[PDB]
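Step one of this worksheet: look at the structure below.
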Amino acid sequence: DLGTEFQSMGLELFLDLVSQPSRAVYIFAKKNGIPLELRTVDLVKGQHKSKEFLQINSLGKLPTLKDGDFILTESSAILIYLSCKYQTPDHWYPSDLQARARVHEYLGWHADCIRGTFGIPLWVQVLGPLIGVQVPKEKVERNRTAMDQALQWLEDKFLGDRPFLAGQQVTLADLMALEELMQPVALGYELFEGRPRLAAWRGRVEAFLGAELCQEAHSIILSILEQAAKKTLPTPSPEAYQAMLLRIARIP
Amino acid sequence: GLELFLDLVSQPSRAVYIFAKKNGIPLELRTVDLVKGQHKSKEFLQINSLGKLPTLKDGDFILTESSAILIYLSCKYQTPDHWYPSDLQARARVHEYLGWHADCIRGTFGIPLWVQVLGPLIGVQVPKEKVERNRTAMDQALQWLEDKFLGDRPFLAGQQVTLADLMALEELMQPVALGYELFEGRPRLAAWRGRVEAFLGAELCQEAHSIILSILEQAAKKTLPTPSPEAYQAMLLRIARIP
Ligand SMILES: N[C@@H](CCC(=O)N[C@@H](CS)C(=O)NCC(=O)O)C(=O)O
Ligand SMILES: N[C@@H](CCC(=O)N[C@@H](CS)C(=O)NCC(=O)O)C(=O)O
């Protein structure tokens with residue numbers, strides 16, 4: 001038992017930029033100059049279900065942080081953990097009791113109404129057809145309606161007449177939300193059209209993060225539909241296939 | 001004074017109720033009857049536009065989400081550190097559980113109430129295929145609870161009871177109350193429940209679980225309220241997101 005499933009010199013982030021929470025953690029680290037050894041784990045190929053990866057995260061999900069012997073999953077937990085270990089600027093995760101509660105409030109609602117809803121178009125347009133499975137139209141339509149309702153709440157409850165989702169500055173909440181919303185955008189769902197306040201929010205977040213950073217975070221997802229069309233994606237392993245079938249059958 | 005809007009039929013409502021009672025945080029409890037539809041009434045929507053429970057009102061500061069409310073209260077009233085430890089890694093274990101919980105527990109464990117009580121109340125059956133898929137999903141999630149989170153440790157995020165255990169126990173009680181004996185065959189999980197329940201106290205557990213433990217019989221006796229049209233609408237949407 002040599003622990004050769006090989007460490008980098010420092011902090012390791014196991015990720016795939018096709019994944020929304022992977023992109024959120026990637027961006028946070030890059031923007032703050034947190035030195036991470038990025039380890040690519042190819043979801044479509046099934047490397048997350050490889051013997052090697054399951055030794056690191058038994059759940060076989062991305063992203064995963066490895067800080068020495070300390071292995072941490074869940075983007076929200078990773079983002080917060082990095083923020084306090086690397087003492088990032090307060091605005092991301094405010095200390096103030098109430099401003100922090102607003103971030104935790106968004107992250108909780110996000111997990112219910114954004115996560116698991118906005119990623120469905122990749123399954124419909126790319127990943128299902130990749131393994132010969134079509135998502136029924138009734139479900140696609142239901143998903144479109146749910147996305148619309150969630151965006152409406154995003155504007156009305158969280159953003160309102162304010163600049164960011166949880167107050168006056170960019171927080172972990174804005175990062176999490178943007179990267180989920182990018183998944184359908186990259187597949188040609190024009191989510192920001194007809195929604196000016198959300199559109200301006202997007203520009204505000206991207207302006208803050210920086211074009212070059214956004215560009216390289218989103219590169220892979222912005223190209224995936226065209227790659228699928230030209231049949232250049234990996235063939236899923238049997239383990240990825242199993243997981244894919246389960247995810248597709250979780251679509252309501 | 002603090003106000004907590006809740007219904008003890010609701011899992012996250014129960015989690016917050018328990019935390020506050022156990023720590024003696026003085027709350028004005030404000031019952032909002034979910035089955036009736038009071039959560040979609042105009043007066044409650046003036047409090048939480050999302051129309052969901054639980055909701056906390058601290059002066060003119062209105063906060064939703066049980067996880068966020070639990071953390072807020074923990075800091076506000078400076079409760080024993082173990083619930084929400086300050087230590088960087090012990091804290092992350094709590095947040096890690098809460099994130100996974102929101103994916104794999106919340107939305108899966110509540111389904112049997114919809115299958116057995118709430119759907120039938122408004123004339124809608126959940127298809128057998130979905131009930132079986134749900135049973136399989138609960139069993140996979142329980143397995144992860146035991147293998148990844150508990151392991152051979154006493155609680156879900158370490159050596160002491162945290163917010164994670166409270167959230168987990170109250171979701172797991174929903175099917176238990178409806179006759180799913182999900183602790184059968186799972187010694188680590190059964191032991192964990194014993195530990196948590198011993199810490200909270202028998203009386204507090206009984207108060208928190210009384211309503212959900214009597215709901216099946218209320219459905220059988222036909223004594224549940226008639227949902228408002230707004231509640232009916234929300235019910236139909238919830239039922240249709242069952243996969
Ligand atoms: N709530 C988790 C979600 C993690 C997650 O489900 N990640 C996906 C990629 S976006 C994954 O690894 N899926 C592979 C699988 O479930 O087999 C987080 O934000 O970290
Ligand atoms: N993630 C939220 C979930 C809140 C929630 O969905 N509560 C349910 C009752 S358990 C509710 O109010 N449902 C009514 C509806 O959605 O119309 C939390 O833990 O507070």
Side-chain angles (χ1 to χ4, degrees), chain A residues 8 10-36 38 40-41 57 61-67 70-95 99-100 102-111 114-115 118-119 158 163-183 186 201-222, chain B residues 88-89 91-96 98-100 102:
Chain A
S8 91
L11 204 57
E12 296 192 291
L13 180 63
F14 296 89
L15 85 176
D16 182 339
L17 293 173
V18 76
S19 155
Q20 311 94 317
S22 288
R23 288 194 303 270
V25 178
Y26 175 88
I27 293 172
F28 180 78
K30 287 280 179 181
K31 184 54 201 276
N32 288 289
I34 298 169
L36 289 177
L38 302 167
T40 302
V41 178
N57 177 12
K61 291 201 299 204
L62 299 175
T64 297
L65 189 77
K66 174 151 153 44
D67 187 350
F70 185 72
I71 296 170
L72 182 62
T73 70
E74 293 299 320
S75 57
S76 57
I78 294 165
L79 286 174
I80 295 162
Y81 171 97
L82 289 178
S83 81
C84 304
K85 183 180 162 84
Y86 290 95
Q87 223 78 287
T88 53
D90 194 66
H91 67 79
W92 282 111
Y93 192 46
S95 45
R100 185 160 291 188
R102 288 284 175 243
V103 170
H104 290 153
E105 185 185 36
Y106 178 82
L107 299 183
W109 180 93
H110 177 96
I114 303 301
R115 182 65 186 168
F118 283 72
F158 293 98
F164 300 104
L165 295 182
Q168 294 294 296
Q169 296 190 227
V170 171
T171 65
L172 302 188
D174 301 285
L175 209 49
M176 303 252 70
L178 183 61
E179 291 313 304
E180 284 282 331
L181 265 50
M182 282 302 306
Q183 205 85 329
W201 166 74
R202 196 263 203 80
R204 229 171 288 124
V205 178
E206 292 193 340
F208 174 76
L209 292 176
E212 202 174 48
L213 182 50
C214 288
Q215 171 62 89
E216 70 178 14
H218 302 159
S219 173
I220 281 166
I221 195 75
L222 292 171
Chain B
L88 180 74
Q89 287 183 3
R91 199 104 140 188
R93 286 288 176 237
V94 176
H95 293 130
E96 180 178 45
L98 300 187
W100 184 89

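All values below were derived from every heavy atom in this structure, side-chain atoms included, with hydrogens, water molecules and symmetry-related copies excluded. Chain naming here is simple, since letters A, B, ... match the order of the sequence lines and numbering starts at 1 in each.
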_Nearest 0.5 Å, please: how far is OG in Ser22(A) from NZ in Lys61(A)?_
12.0 Å
_Derivation of the side-chain contact (heavy atoms from CB on, under 4.5 Å) call for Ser95(A) and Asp90(A)_ = CA-CA 7 Å; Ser95(A) 45; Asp90(A) 194 66; 3.2 Å; yes
*Taking only residues two or more places apart in sequence or in another chain, which ones pass side chain to side chain contact (heavy atoms under 4.5 Å, CB included) with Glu212(A)?*
none
*Could I get the full list of salt bridge (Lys or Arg N to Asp or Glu O under 4.0 Å) partners for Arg100(A), not counting sequence neighbours?*
none
*When you look at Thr64(A) and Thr73(A), which way does the side-chain contact (heavy atoms from CB on, under 4.5 Å) test go after all the steps?*
CA-CA 5 Å; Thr64(A) 297; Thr73(A) 70; 3.9 Å; yes
*Classify the ring geometry between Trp92(A) and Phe28(A) as parallel (under 30°), tilted (30 to 60°) or perpendicular (over 60°).*
perpendicular
*Close side-chain approach of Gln89(B) to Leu72(A), heavy-atom, < 4.5 Å*: no
*In chain order, what residues pass the side chain to side chain contact (heavy atoms under 4.5 Å, CB included) check against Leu213(A), with sequence neighbours excluded?*
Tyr26(A), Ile27(A), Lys30(A), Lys31(A), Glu216(A)
*Grab the two heavy atoms, one from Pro21(A) and one from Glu180(A), that are nearest each other, plus how far apart they are.*
CD-OE2, 4.1 Å
_Can you give me the closest heavy-atom contact between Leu17(A) and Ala217(A), atom names plus distance?_
CB-O, 4.0 Å
*With a 6.0 Å cut-off on ring centres, are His91(A) and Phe164(A) close enough?*
no
*Using the test salt bridge (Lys or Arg N to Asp or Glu O under 4.0 Å), find all partners of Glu179(A) that sit at least two apart in sequence or belong to another chain.*
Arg23(A)
*Can you tell if the side chain of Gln20(A) reaches within under 4.5 Å of the side chain of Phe118(A), non-hydrogen atoms only?*
no
*asked:* Between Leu175(A) and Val170(A), is the side-chain contact (heavy atoms from CB on, under 4.5 Å) condition met? List the steps.
replied: CA-CA 8 Å; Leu175(A) 209 49; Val170(A) 171; 5.9 Å; no
*To the nearest 0.5 Å, how far apart are OG1 in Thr40(A) and CG in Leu13(A)?*
9.5 Å
*Does the side-chain contact (heavy atoms from CB on, under 4.5 Å) test come out yes or no for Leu65(A) and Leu11(A), once each step is laid out?*
CA-CA 8 Å; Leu65(A) 189 77; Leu11(A) 204 57; 4.1 Å; yes
_Straight-line distance of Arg102(A) CZ to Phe158(A) CZ, nearest 0.5 Å_ = 8.5 Å
_Once side-chain hydrogen bond (donor to acceptor under 3.5 Å, both in side chains) is applied, do any residues pair with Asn32(A), and if so which ones, sequence neighbours excluded?_
none
*Between the main-chain N or O of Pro163(A) and the side-chain N or O of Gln169(A), is there a donor-acceptor pair closer than 3.5 Å?*
no
*Can you see which heavy atom on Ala24(A) is nearest to which on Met176(A), and at what distance?*
CB-CE, 3.6 Å
*Minimum heavy-atom distance between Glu206(A) and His218(A), given as atom pair plus value*: OE2-CE1, 4.0 Å
_Sub-4.5 Å side-chain heavy-atom contact between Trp201(A) and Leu181(A)_ = yes
*Taking all atoms of both residues into account, what is the closest heavy-atom pair of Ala173(A) and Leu107(A), and its distance?*
CA-CD2, 4.2 Å
*Nearest heavy-atom pair of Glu74(A) and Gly99(B): which atoms, and what distance?*
OE1-C, 3.4 Å
*Out of curiosity, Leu165(A) CG to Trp109(A) CH2, how far, rounded to the nearest 0.5 Å?*
9.0 Å
Output a table of donor-acceptor pairs, distance under 3.5 Å, between side-chain atoms of residues 75-87 of chain A and any protein atom two or more places apart or on a different chain; print 'none' if there are none.
| residue | atom | partner | partner atom | Å |
| --- | --- | --- | --- | --- |
| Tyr81(A) | OH | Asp67(A) | OD2 | 2.4 |
| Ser83(A) | OG | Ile80(A) | O | 2.7 |
| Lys85(A) | NZ | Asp67(A) | OD2 | 3.3 |

*State, yes or no, whether a side-chain contact exists between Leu172(A) and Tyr106(A) at a heavy-atom distance under 4.5 Å.*
no
